[PDB]
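Data file: entry_3.txt. Format and content: compact mmCIF, C-alpha atoms.
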# COMPACT_ATOMS: atom_id res chain seq x y z
CA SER A 1 -0.78 8.43 -25.46
CA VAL A 2 -3.41 6.08 -24.03
CA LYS A 3 -4.53 4.81 -27.46
CA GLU A 4 -2.70 1.80 -28.83
CA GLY A 5 -0.62 2.09 -31.98
CA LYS A 6 -1.15 5.79 -32.69
CA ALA A 7 1.69 7.85 -34.16
CA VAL A 8 2.23 11.45 -33.03
CA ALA A 9 4.88 13.44 -34.90
CA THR A 10 6.59 16.80 -34.50
CA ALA A 11 3.87 18.64 -36.44
CA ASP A 12 1.02 17.16 -34.37
CA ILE A 13 1.59 19.76 -31.63
CA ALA A 14 1.46 23.48 -32.48
CA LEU A 15 1.45 25.77 -29.43
CA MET A 16 1.08 29.45 -30.38
CA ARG A 17 2.42 31.13 -27.28
CA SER A 18 1.52 34.80 -27.58
CA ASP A 19 0.78 37.95 -25.59
CA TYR A 20 4.14 38.15 -23.85
CA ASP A 21 3.28 41.28 -21.82
CA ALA A 22 0.25 43.39 -20.95
CA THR A 23 1.55 46.94 -20.27
CA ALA A 24 0.29 48.76 -23.37
CA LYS A 25 0.81 45.34 -24.93
CA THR A 26 -0.80 41.84 -25.35
CA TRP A 27 -1.05 42.55 -29.10
CA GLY A 28 1.23 40.23 -31.06
CA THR A 29 1.64 36.49 -31.51
CA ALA A 30 4.38 33.87 -31.73
CA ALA A 31 4.89 30.13 -31.21
CA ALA A 32 7.75 29.54 -28.72
CA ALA A 33 7.39 26.73 -26.16
CA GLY A 34 9.40 24.35 -28.36
CA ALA A 35 7.83 22.00 -30.90
CA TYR A 36 8.42 18.32 -29.98
CA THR A 37 11.07 15.63 -29.59
CA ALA A 38 11.52 12.03 -30.78
CA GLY A 39 11.20 10.00 -27.61
CA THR A 40 11.25 6.25 -28.17
CA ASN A 41 8.09 4.17 -27.95
CA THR A 42 7.40 1.82 -25.04
CA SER A 43 6.30 -1.76 -25.69
CA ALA A 44 3.92 -3.70 -23.47
CA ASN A 45 2.30 -7.11 -23.10
CA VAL A 46 0.35 -9.09 -20.51
CA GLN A 47 3.29 -9.87 -18.22
CA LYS A 48 4.20 -6.19 -17.77
CA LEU A 49 0.87 -5.08 -16.34
CA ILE B 1 -3.17 -45.33 -23.07
CA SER B 2 -6.04 -46.55 -20.90
CA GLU B 3 -3.72 -47.03 -17.92
CA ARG B 4 -2.28 -43.54 -18.37
CA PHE B 5 -5.78 -42.05 -18.50
CA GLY B 6 -6.73 -43.96 -15.36
CA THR B 7 -3.71 -42.59 -13.52
CA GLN B 8 -4.61 -39.06 -14.61
CA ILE B 9 -8.22 -39.30 -13.39
CA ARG B 10 -7.26 -40.84 -10.06
CA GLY B 11 -4.71 -38.08 -9.51
CA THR B 12 -7.24 -35.39 -10.38
CA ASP B 13 -9.65 -36.44 -7.64
CA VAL B 14 -7.16 -36.15 -4.78
CA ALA B 15 -5.93 -32.88 -6.31
CA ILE B 16 -9.43 -31.45 -5.89
CA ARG B 17 -9.39 -32.57 -2.26
CA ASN B 18 -6.07 -30.83 -1.55
CA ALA B 19 -7.28 -27.56 -3.08
CA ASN B 20 -10.36 -27.57 -0.85
CA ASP B 21 -8.17 -28.03 2.23
CA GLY B 22 -6.16 -24.96 1.23
CA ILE B 23 -9.37 -22.93 0.99
CA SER B 24 -10.35 -23.96 4.51
CA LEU B 25 -7.00 -22.89 5.97
CA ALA B 26 -7.32 -19.42 4.46
CA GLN B 27 -10.84 -19.07 5.86
CA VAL B 28 -9.71 -19.82 9.42
CA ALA B 29 -6.86 -17.32 9.34
CA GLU B 30 -9.04 -14.48 8.07
CA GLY B 31 -11.67 -15.27 10.69
CA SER B 32 -9.17 -14.65 13.49
CA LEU B 33 -7.70 -11.48 11.97
CA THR B 34 -11.19 -9.93 11.96
CA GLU B 35 -11.49 -10.03 15.76
CA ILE B 36 -7.97 -8.67 16.14
CA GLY B 37 -9.03 -5.65 14.11
CA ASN B 38 -12.24 -5.09 16.07
CA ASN B 39 -10.36 -4.96 19.37
CA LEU B 40 -7.84 -2.49 17.96
CA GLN B 41 -10.66 -0.23 16.78
CA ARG B 42 -12.14 -0.19 20.27
CA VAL B 43 -8.80 0.70 21.86
CA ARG B 44 -8.30 3.62 19.47
CA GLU B 45 -11.78 4.99 20.13
CA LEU B 46 -11.00 4.76 23.85
CA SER B 47 -7.65 6.55 23.44
CA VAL B 48 -9.02 9.51 21.46
CA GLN B 49 -10.61 10.52 24.76
CA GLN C 1 -0.16 -30.29 -4.53
CA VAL C 2 -2.70 -29.48 -7.25
CA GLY C 3 -1.64 -31.86 -10.01
CA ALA C 4 -1.19 -35.51 -10.82
CA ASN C 5 2.55 -35.28 -11.58
CA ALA C 6 5.70 -34.58 -9.61
CA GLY C 7 6.64 -30.91 -9.45
CA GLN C 8 3.19 -29.33 -9.90
CA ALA C 9 2.53 -27.29 -6.76
CA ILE C 10 1.87 -23.73 -5.63
CA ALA C 11 3.07 -22.01 -2.48
CA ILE C 12 2.04 -19.60 0.26
CA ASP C 13 4.89 -17.39 1.41
CA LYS C 14 3.86 -15.86 4.75
CA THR C 15 0.92 -14.30 6.55
CA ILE C 16 1.81 -11.98 9.46
CA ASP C 17 3.57 -11.72 12.82
CA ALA C 18 0.79 -10.45 15.09
CA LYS C 19 2.27 -10.73 18.58
CA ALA C 20 1.65 -7.64 20.69
CA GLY C 21 5.39 -7.14 21.14
CA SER C 22 5.97 -6.56 17.43
CA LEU C 23 2.93 -4.68 16.09
CA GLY C 24 2.93 -1.10 14.84
CA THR C 25 6.54 -0.18 15.59
CA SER C 26 7.27 3.56 15.49
CA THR C 27 9.76 6.23 16.54
CA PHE C 28 9.36 9.77 17.90
CA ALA C 29 12.05 12.44 18.05
CA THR C 30 12.61 13.84 21.55
CA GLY C 31 15.36 15.21 23.75
CA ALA C 32 15.02 18.95 23.35
CA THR C 33 16.62 21.39 25.76
CA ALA C 34 16.84 25.17 25.94
CA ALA C 35 19.33 26.04 28.71
CA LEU C 36 17.53 29.33 29.41
CA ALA C 37 18.30 31.07 32.70
CA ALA C 38 17.64 34.76 32.02
CA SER C 39 16.49 36.96 34.88
CA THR C 40 16.31 40.62 36.00
CA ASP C 41 14.36 42.90 33.65
CA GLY C 42 11.77 41.81 31.12
CA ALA C 43 12.34 40.94 27.49
CA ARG C 44 10.55 40.06 24.26
CA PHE C 45 11.11 36.68 22.62
CA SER C 46 10.66 35.97 18.91
CA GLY C 47 11.73 33.29 16.45
CA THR C 48 10.52 30.44 14.28
CA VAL C 49 10.06 26.74 15.03
CA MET C 50 10.05 24.32 12.08
CA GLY C 51 9.33 27.16 9.67
CA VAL C 52 6.35 28.60 11.57
CA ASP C 53 6.32 31.97 13.30
CA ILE C 54 5.12 32.00 16.91
CA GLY C 55 4.48 35.69 17.52
CA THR C 56 5.97 37.60 20.44
CA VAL C 57 5.80 37.46 24.23
CA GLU C 58 6.46 39.88 27.08
CA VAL C 59 7.49 39.46 30.72
CA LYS C 60 7.44 41.87 33.64
CA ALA C 61 10.38 43.82 35.03
CA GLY C 62 10.59 41.52 38.05
CA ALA C 63 11.01 38.43 35.90
CA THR C 64 12.54 35.08 36.81
CA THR C 65 13.48 31.90 34.97
CA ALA C 66 10.17 30.29 35.92
CA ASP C 67 8.36 33.42 34.73
CA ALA C 68 9.84 33.24 31.22
CA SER C 69 9.74 29.45 30.90
CA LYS C 70 5.95 29.24 31.16
CA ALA C 71 5.41 32.17 28.79
CA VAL C 72 7.59 30.61 26.10
CA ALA C 73 5.95 27.22 26.63
CA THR C 74 2.50 28.75 26.14
CA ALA C 75 3.64 30.56 23.00
CA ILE C 76 5.02 27.33 21.53
CA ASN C 77 1.98 25.25 22.48
CA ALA C 78 -0.40 27.77 20.90
CA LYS C 79 0.36 26.40 17.41
CA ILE C 80 0.48 22.62 17.86
CA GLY C 81 -1.85 22.23 14.88
CA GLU C 82 0.92 23.21 12.46
CA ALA C 83 4.33 22.66 14.06
CA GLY C 84 3.36 19.42 15.78
CA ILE C 85 5.54 19.99 18.85
CA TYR C 86 4.50 19.70 22.51
CA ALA C 87 6.39 21.87 25.00
CA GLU C 88 6.79 21.34 28.75
CA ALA C 89 8.10 23.86 31.27
CA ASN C 90 10.92 23.19 33.71
CA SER C 91 11.68 24.67 37.12
CA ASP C 92 15.30 25.62 36.43
CA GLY C 93 14.41 27.54 33.27
CA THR C 94 14.92 25.00 30.50
CA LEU C 95 12.30 23.52 28.17
CA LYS C 96 11.61 20.06 26.78
CA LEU C 97 10.04 19.60 23.34
CA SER C 98 8.60 16.35 22.02
CA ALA D 1 -8.21 2.07 -9.87
CA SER D 2 -8.33 4.68 -12.65
CA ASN D 3 -10.57 6.94 -10.55
CA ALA D 4 -9.35 9.94 -8.54
CA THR D 5 -10.66 9.23 -5.02
CA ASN D 6 -8.30 6.31 -4.39
CA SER D 7 -4.98 6.30 -2.54
CA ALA D 8 -1.72 4.38 -2.84
CA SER D 9 -2.81 1.61 -0.47
CA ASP D 10 -5.92 0.77 -2.51
CA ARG D 11 -3.89 0.59 -5.71
CA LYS D 12 -1.45 -1.79 -4.03
CA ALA D 13 -4.35 -3.92 -2.81
CA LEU D 14 -5.67 -4.20 -6.37
CA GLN D 15 -2.20 -4.89 -7.80
CA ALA D 16 -1.81 -7.89 -5.50
CA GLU D 17 -4.81 -9.67 -7.02
CA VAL D 18 -3.77 -8.65 -10.53
CA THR D 19 -0.40 -10.34 -9.93
CA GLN D 20 -2.01 -13.55 -8.66
CA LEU D 21 -4.33 -13.77 -11.67
CA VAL D 22 -1.50 -13.23 -14.16
CA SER D 23 0.57 -15.98 -12.54
CA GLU D 24 -2.41 -18.33 -12.74
CA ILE D 25 -2.84 -17.61 -16.46
CA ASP D 26 0.81 -18.38 -17.13
CA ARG D 27 0.77 -21.64 -15.16
CA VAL D 28 -2.35 -22.94 -16.90
CA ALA D 29 -0.96 -22.08 -20.34
CA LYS D 30 2.35 -23.81 -19.67
CA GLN D 31 0.99 -26.97 -17.98
CA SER D 32 -1.60 -28.27 -20.46
CA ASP D 33 -1.24 -31.40 -22.59
CA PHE D 34 -3.05 -34.33 -24.21
CA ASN D 35 -1.26 -37.69 -23.91
CA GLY D 36 2.06 -35.97 -23.24
CA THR D 37 1.90 -33.54 -26.18
CA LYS D 38 1.96 -29.92 -25.05
CA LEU D 39 -0.65 -27.80 -26.82
CA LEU D 40 -0.61 -24.13 -25.75
CA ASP D 41 3.02 -23.08 -25.58
CA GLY D 42 3.89 -22.45 -29.24
CA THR D 43 5.46 -25.83 -30.03
CA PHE D 44 2.44 -27.33 -31.83
CA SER D 45 3.69 -27.96 -35.36
CA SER D 46 1.77 -29.57 -38.22
CA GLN D 47 0.10 -32.87 -37.29
CA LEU D 48 -1.42 -35.38 -39.71
CA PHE D 49 -4.43 -37.64 -39.06
CA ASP E 1 0.13 4.40 28.13
CA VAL E 2 -2.92 6.64 28.45
CA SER E 3 -2.38 8.14 31.90
CA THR E 4 -0.86 11.28 30.31
CA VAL E 5 -1.54 13.36 27.20
CA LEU E 6 1.53 12.25 25.23
CA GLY E 7 0.51 8.64 25.76
CA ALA E 8 -2.77 9.27 23.97
CA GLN E 9 -1.26 11.41 21.21
CA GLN E 10 1.18 8.61 20.37
CA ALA E 11 -1.36 5.81 20.84
CA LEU E 12 -3.27 7.30 17.91
CA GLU E 13 -0.31 6.84 15.54
CA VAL E 14 0.66 3.36 16.72
CA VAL E 15 -2.94 2.16 16.32
CA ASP E 16 -3.13 3.61 12.80
CA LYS E 17 -0.06 1.63 11.75
CA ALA E 18 -1.41 -1.60 13.22
CA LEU E 19 -4.72 -1.23 11.38
CA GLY E 20 -2.94 -0.65 8.07
CA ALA E 21 -0.94 -3.86 8.42
CA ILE E 22 -4.00 -5.92 9.35
CA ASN E 23 -5.99 -4.73 6.34
CA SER E 24 -3.17 -5.50 3.91
CA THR E 25 -2.90 -9.08 5.17
CA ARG E 26 -6.66 -9.59 4.82
CA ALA E 27 -6.49 -8.48 1.18
CA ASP E 28 -3.70 -10.98 0.46
CA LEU E 29 -5.62 -13.89 1.95
CA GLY E 30 -8.71 -13.02 -0.09
CA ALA E 31 -6.68 -13.09 -3.30
CA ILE E 32 -5.34 -16.54 -2.43
CA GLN E 33 -8.88 -17.82 -1.89
CA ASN E 34 -10.02 -16.59 -5.31
CA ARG E 35 -7.11 -18.29 -7.06
CA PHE E 36 -7.83 -21.62 -5.37
CA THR E 37 -11.46 -21.51 -6.50
CA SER E 38 -10.41 -20.99 -10.12
CA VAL E 39 -7.98 -23.91 -9.88
CA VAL E 40 -10.73 -26.25 -8.67
CA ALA E 41 -13.08 -25.32 -11.51
CA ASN E 42 -10.42 -25.96 -14.14
CA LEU E 43 -9.53 -29.33 -12.59
CA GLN E 44 -13.17 -30.43 -12.67
CA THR E 45 -13.57 -29.64 -16.36
CA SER E 46 -10.30 -31.31 -17.36
CA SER E 47 -11.11 -34.51 -15.46
CA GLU E 48 -14.52 -34.73 -17.11
CA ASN E 49 -13.07 -34.31 -20.61
Same coordinates, now as structure tokens:
Amino acid sequence: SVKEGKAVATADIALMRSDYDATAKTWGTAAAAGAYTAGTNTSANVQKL
Amino acid sequence: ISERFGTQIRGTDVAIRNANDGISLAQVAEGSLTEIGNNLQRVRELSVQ
Amino acid sequence: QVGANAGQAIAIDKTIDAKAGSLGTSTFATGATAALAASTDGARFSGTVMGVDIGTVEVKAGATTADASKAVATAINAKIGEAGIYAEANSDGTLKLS
Amino acid sequence: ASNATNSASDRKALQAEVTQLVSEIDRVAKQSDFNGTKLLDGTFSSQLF
Amino acid sequence: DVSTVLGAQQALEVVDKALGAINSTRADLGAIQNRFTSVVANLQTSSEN
């Protein structure tokens, strides 16, 4: 994130991967592609520019 | 307090002088590096042929 | 010294060493050999150099080491834009790549 | 330096001046006083006139 | 050397490296000059106050 002090959670990303194949197919939907993780935040100040 | 202020002012003047001398030194060095670069450019143009 | 008190100063570390004996140092890999001395009837040569194919060549029935050396050198030199290797022929039948 | 036409060398050239400016900021902040009482380093407690 | 082809083909690379080094040094000297100017301005204001 390039915006200061903004919180993004597990539900903020929802990727509906669908259409697994195309041979008499491409009809059907799912989510897949994982959801999210809980990576730690990174702090910054003037010195660490 | 007046003596301390006098010492501070008299130090500040010579400090300004020393900073100006530093500026002059940097100017001389860059002036020489310019000509070095010009000669190198000419040699490369000659060597492409 | 840019202050009125002891210990207030800034520094310049270094500029450059610009003598002509120590400017733009580099290395180039060289020392290639082939040890090719085939003769008699003609042959076709194939193979890859640095992951690039170089096509095929052909020499006459009355071939010699000098006959094949120049053909292979030409084939290698044809693709200097990708492999980046310069090939020189040798009288005995070997090759030198730089 | 957030554009896309730059290269690594240009970013290093900009980082050099960024570093010099940050060091200057720190030195000025740490070396400022009035009659031997440091002002801008976080040690200015309550003072009564 | 330029009297053969390999001499030229390697002169190109050596000249490129030299030019890179020269430009980096010029950038450093310019940064130093800017810092010294800022120092002088601050000294002037402080002395006046």
With all atoms listed in the file counted and 6 Å as the cut-off, give the residues of chain B in contact with chain E, each with its shortest interatomic distance in Å and the pair that gives it, as a Markdown table.
| residue | atom | partner | partner_atom | distance |
| --- | --- | --- | --- | --- |
| B:9 | CA | E:47 | CA | 6.0 |
| B:23 | CA | E:33 | CA | 5.9 |
| B:47 | CA | E:8 | CA | 5.6 |
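For chain D, the residues having at least one atom no farther than 12 Å from chain E, when counting only C-alpha atoms, are residues 9, 10, 11, 12, 13, 14, 15, 16, 17, 18, 19, 20, 21, 22, 23, 24, 25, 27, 28, 29, 32, 33 and 34 of chain D.
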Can you write out the residues you just picked, keeping C-alpha atoms, as a compact mmCIF listing (two decimals), in the frame of the given file?
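Just written: out34.txt:
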# COMPACT_ATOMS: atom_id res chain seq x y z
CA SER D 9 -2.81 1.61 -0.47
CA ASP D 10 -5.92 0.77 -2.51
CA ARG D 11 -3.89 0.59 -5.71
CA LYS D 12 -1.45 -1.79 -4.03
CA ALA D 13 -4.35 -3.92 -2.81
CA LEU D 14 -5.67 -4.20 -6.37
CA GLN D 15 -2.20 -4.89 -7.80
CA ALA D 16 -1.81 -7.89 -5.50
CA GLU D 17 -4.81 -9.67 -7.02
CA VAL D 18 -3.77 -8.65 -10.53
CA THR D 19 -0.40 -10.34 -9.93
CA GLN D 20 -2.01 -13.55 -8.66
CA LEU D 21 -4.33 -13.77 -11.67
CA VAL D 22 -1.50 -13.23 -14.16
CA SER D 23 0.57 -15.98 -12.54
CA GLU D 24 -2.41 -18.33 -12.74
CA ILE D 25 -2.84 -17.61 -16.46
CA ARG D 27 0.77 -21.64 -15.16
CA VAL D 28 -2.35 -22.94 -16.90
CA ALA D 29 -0.96 -22.08 -20.34
CA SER D 32 -1.60 -28.27 -20.46
CA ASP D 33 -1.24 -31.40 -22.59
CA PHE D 34 -3.05 -34.33 -24.21
Need the shell around residue 32 of chain A: protein/DNA/RNA residues with any atom at most 10 Å away, counting only C-alpha atoms. Skip same-chain ones fewer than 3 positions apart. Format as a JSON list (two decimals) with C-alpha atoms, in the frame of the given file?
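So the final result, stored in selection-v3.json, reads:
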[["chain", "number", "residue", "atom", "x", "y", "z"],
["A", 14, "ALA", "CA", 1.46, 23.48, -32.48],
["A", 15, "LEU", "CA", 1.45, 25.77, -29.43],
["A", 16, "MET", "CA", 1.08, 29.45, -30.38],
["A", 17, "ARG", "CA", 2.42, 31.13, -27.28],
["A", 18, "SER", "CA", 1.52, 34.80, -27.58],
["A", 29, "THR", "CA", 1.64, 36.49, -31.51],
["A", 35, "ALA", "CA", 7.83, 22.00, -30.90]]
With the cut-off set at 7 Å and counting all atoms listed in the file, tabulate each residue of chain B with an atom at most that distance from an atom of chain C, showing the nearest atom pair and its distance in Å to one decimal, ordered by chain and increasing number, as CSV.
residue,atom,partner,partner_atom,distance
B:8,CA,C:4,CA,6.2
B:11,CA,C:4,CA,4.6
B:12,CA,C:4,CA,6.1
B:15,CA,C:2,CA,4.8
B:18,CA,C:1,CA,6.6
B:19,CA,C:2,CA,6.5
Proximity check chain C to chain E, 12 Å, nearest pairs one decimal Å, only C-alpha atoms, as a Markdown table:
| residue | atom | partner | partner_atom | distance |
| --- | --- | --- | --- | --- |
| C:1 | CA | E:39 | CA | 11.4 |
| C:2 | CA | E:39 | CA | 8.1 |
| C:3 | CA | E:43 | CA | 8.7 |
| C:4 | CA | E:43 | CA | 10.5 |
| C:9 | CA | E:39 | CA | 11.5 |
| C:10 | CA | E:36 | CA | 9.9 |
| C:11 | CA | E:32 | CA | 10.0 |
| C:12 | CA | E:32 | CA | 8.4 |
| C:13 | CA | E:28 | CA | 10.8 |
| C:14 | CA | E:25 | CA | 9.6 |
| C:15 | CA | E:25 | CA | 6.6 |
| C:16 | CA | E:25 | CA | 7.0 |
| C:17 | CA | E:21 | CA | 10.1 |
| C:18 | CA | E:22 | CA | 8.7 |
| C:19 | CA | E:18 | CA | 11.2 |
| C:20 | CA | E:18 | CA | 10.1 |
| C:21 | CA | E:18 | CA | 11.8 |
| C:22 | CA | E:18 | CA | 9.8 |
| C:23 | CA | E:18 | CA | 6.0 |
| C:24 | CA | E:18 | CA | 4.7 |
| C:25 | CA | E:14 | CA | 7.0 |
| C:26 | CA | E:14 | CA | 6.7 |
| C:27 | CA | E:14 | CA | 9.5 |
| C:28 | CA | E:10 | CA | 8.6 |
| C:29 | CA | E:10 | CA | 11.8 |
| C:30 | CA | E:6 | CA | 11.8 |
| C:80 | CA | E:9 | CA | 11.8 |
| C:84 | CA | E:9 | CA | 10.7 |
| C:85 | CA | E:6 | CA | 10.8 |
| C:86 | CA | E:6 | CA | 8.5 |
| C:87 | CA | E:6 | CA | 10.8 |
| C:88 | CA | E:6 | CA | 11.1 |
| C:97 | CA | E:6 | CA | 11.4 |
| C:98 | CA | E:6 | CA | 8.8 |
Please dump the current selection as a PDB file, in the frame of the given file; keep C-alpha atoms.
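Printed below is result-v1.pdb as written:
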ATOM      1  CA  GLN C   1      -0.160 -30.290  -4.530  1.00  0.00           C
ATOM      2  CA  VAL C   2      -2.700 -29.480  -7.250  1.00  0.00           C
ATOM      3  CA  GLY C   3      -1.640 -31.860 -10.010  1.00  0.00           C
ATOM      4  CA  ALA C   4      -1.190 -35.510 -10.820  1.00  0.00           C
ATOM      5  CA  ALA C   9       2.530 -27.290  -6.760  1.00  0.00           C
ATOM      6  CA  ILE C  10       1.870 -23.730  -5.630  1.00  0.00           C
ATOM      7  CA  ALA C  11       3.070 -22.010  -2.480  1.00  0.00           C
ATOM      8  CA  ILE C  12       2.040 -19.600   0.260  1.00  0.00           C
ATOM      9  CA  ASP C  13       4.890 -17.390   1.410  1.00  0.00           C
ATOM     10  CA  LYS C  14       3.860 -15.860   4.750  1.00  0.00           C
ATOM     11  CA  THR C  15       0.920 -14.300   6.550  1.00  0.00           C
ATOM     12  CA  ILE C  16       1.810 -11.980   9.460  1.00  0.00           C
ATOM     13  CA  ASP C  17       3.570 -11.720  12.820  1.00  0.00           C
ATOM     14  CA  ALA C  18       0.790 -10.450  15.090  1.00  0.00           C
ATOM     15  CA  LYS C  19       2.270 -10.730  18.580  1.00  0.00           C
ATOM     16  CA  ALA C  20       1.650  -7.640  20.690  1.00  0.00           C
ATOM     17  CA  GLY C  21       5.390  -7.140  21.140  1.00  0.00           C
ATOM     18  CA  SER C  22       5.970  -6.560  17.430  1.00  0.00           C
ATOM     19  CA  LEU C  23       2.930  -4.680  16.090  1.00  0.00           C
ATOM     20  CA  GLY C  24       2.930  -1.100  14.840  1.00  0.00           C
ATOM     21  CA  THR C  25       6.540  -0.180  15.590  1.00  0.00           C
ATOM     22  CA  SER C  26       7.270   3.560  15.490  1.00  0.00           C
ATOM     23  CA  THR C  27       9.760   6.230  16.540  1.00  0.00           C
ATOM     24  CA  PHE C  28       9.360   9.770  17.900  1.00  0.00           C
ATOM     25  CA  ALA C  29      12.050  12.440  18.050  1.00  0.00           C
ATOM     26  CA  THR C  30      12.610  13.840  21.550  1.00  0.00           C
ATOM     27  CA  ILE C  80       0.480  22.620  17.860  1.00  0.00           C
ATOM     28  CA  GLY C  84       3.360  19.420  15.780  1.00  0.00           C
ATOM     29  CA  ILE C  85       5.540  19.990  18.850  1.00  0.00           C
ATOM     30  CA  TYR C  86       4.500  19.700  22.510  1.00  0.00           C
ATOM     31  CA  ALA C  87       6.390  21.870  25.000  1.00  0.00           C
ATOM     32  CA  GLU C  88       6.790  21.340  28.750  1.00  0.00           C
ATOM     33  CA  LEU C  97      10.040  19.600  23.340  1.00  0.00           C
ATOM     34  CA  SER C  98       8.600  16.350  22.020  1.00  0.00           C
TER      35      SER C  98
END
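Between atom CA of residue 28 of chain B and atom CA of residue 45 of chain B there is a distance of 27.1 Å.
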With all atoms listed in the file considered, list every residue of chain A at most 12 Å from chain D, as a PDB file with C-alpha atoms, in the coordinates of the input.
ATOM      1  CA  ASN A  45       2.300  -7.110 -23.100  1.00  0.00           C
ATOM      2  CA  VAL A  46       0.350  -9.090 -20.510  1.00  0.00           C
ATOM      3  CA  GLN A  47       3.290  -9.870 -18.220  1.00  0.00           C
ATOM      4  CA  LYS A  48       4.200  -6.190 -17.770  1.00  0.00           C
ATOM      5  CA  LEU A  49       0.870  -5.080 -16.340  1.00  0.00           C
TER       6      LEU A  49
END
| field | residue 37 of chain C surroundings by only C-alpha atoms, 12 Å radius, close-in-sequence under 5 positions cut, as number ranges by chain | value | C: 63-69, 90-95
Using only C-alpha atoms, which residues sit within 12 Å of residue 40 of chain A once same-chain residues fewer than 2 positions away are excluded, as an mmCIF file with C-alpha atoms, in the frame of the given file?
data_model
loop_
_atom_site.group_PDB
_atom_site.id
_atom_site.type_symbol
_atom_site.label_atom_id
_atom_site.label_comp_id
_atom_site.auth_asym_id
_atom_site.auth_seq_id
_atom_site.Cartn_x
_atom_site.Cartn_y
_atom_site.Cartn_z
ATOM 1 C CA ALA A 7 1.690 7.850 -34.160
ATOM 2 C CA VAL A 8 2.230 11.450 -33.030
ATOM 3 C CA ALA A 9 4.880 13.440 -34.900
ATOM 4 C CA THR A 37 11.070 15.630 -29.590
ATOM 5 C CA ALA A 38 11.520 12.030 -30.780
ATOM 6 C CA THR A 42 7.400 1.820 -25.040
ATOM 7 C CA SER A 43 6.300 -1.760 -25.690
#
| message | To one decimal place in Å, what is the distance between atom CA of residue 47 of chain C and atom CA of residue 72 of chain C? | response | 10.8 Å
| Distance-based interface of chain B with chain D, 10 Å, counting only C-alpha atoms, as a VMD selection string | chain B and resid 1 4 to 5 8
Restricted to C-alpha atoms, what would the selected residues look like written as a CSV table (one decimal), in the frame of the given file?
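Written file, part.csv:
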chain,number,residue,atom,x,y,z
B,1,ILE,CA,-3.2,-45.3,-23.1
B,4,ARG,CA,-2.3,-43.5,-18.4
B,5,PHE,CA,-5.8,-42.0,-18.5
B,8,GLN,CA,-4.6,-39.1,-14.6
| field | Interatomic distance, atom CA of residue 34 of chain B to atom CA of residue 5 of chain D (Å, one decimal) | value | 25.6 Å
| Residues within 12 Å of residue 42 of chain D, all atoms listed in the file, excluding chain neighbours under 3 positions, as number ranges by chain | D: 29-30, 32, 37-39, 45-46
Just write the chosen residues, C-alpha atoms, as a short mmCIF file (atom, residue, chain, number, x, y, z; two decimals), keeping the file's coordinate frame.
data_model
loop_
_atom_site.label_atom_id
_atom_site.label_comp_id
_atom_site.auth_asym_id
_atom_site.auth_seq_id
_atom_site.Cartn_x
_atom_site.Cartn_y
_atom_site.Cartn_z
CA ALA D 29 -0.96 -22.08 -20.34
CA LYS D 30 2.35 -23.81 -19.67
CA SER D 32 -1.60 -28.27 -20.46
CA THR D 37 1.90 -33.54 -26.18
CA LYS D 38 1.96 -29.92 -25.05
CA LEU D 39 -0.65 -27.80 -26.82
CA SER D 45 3.69 -27.96 -35.36
CA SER D 46 1.77 -29.57 -38.22
#
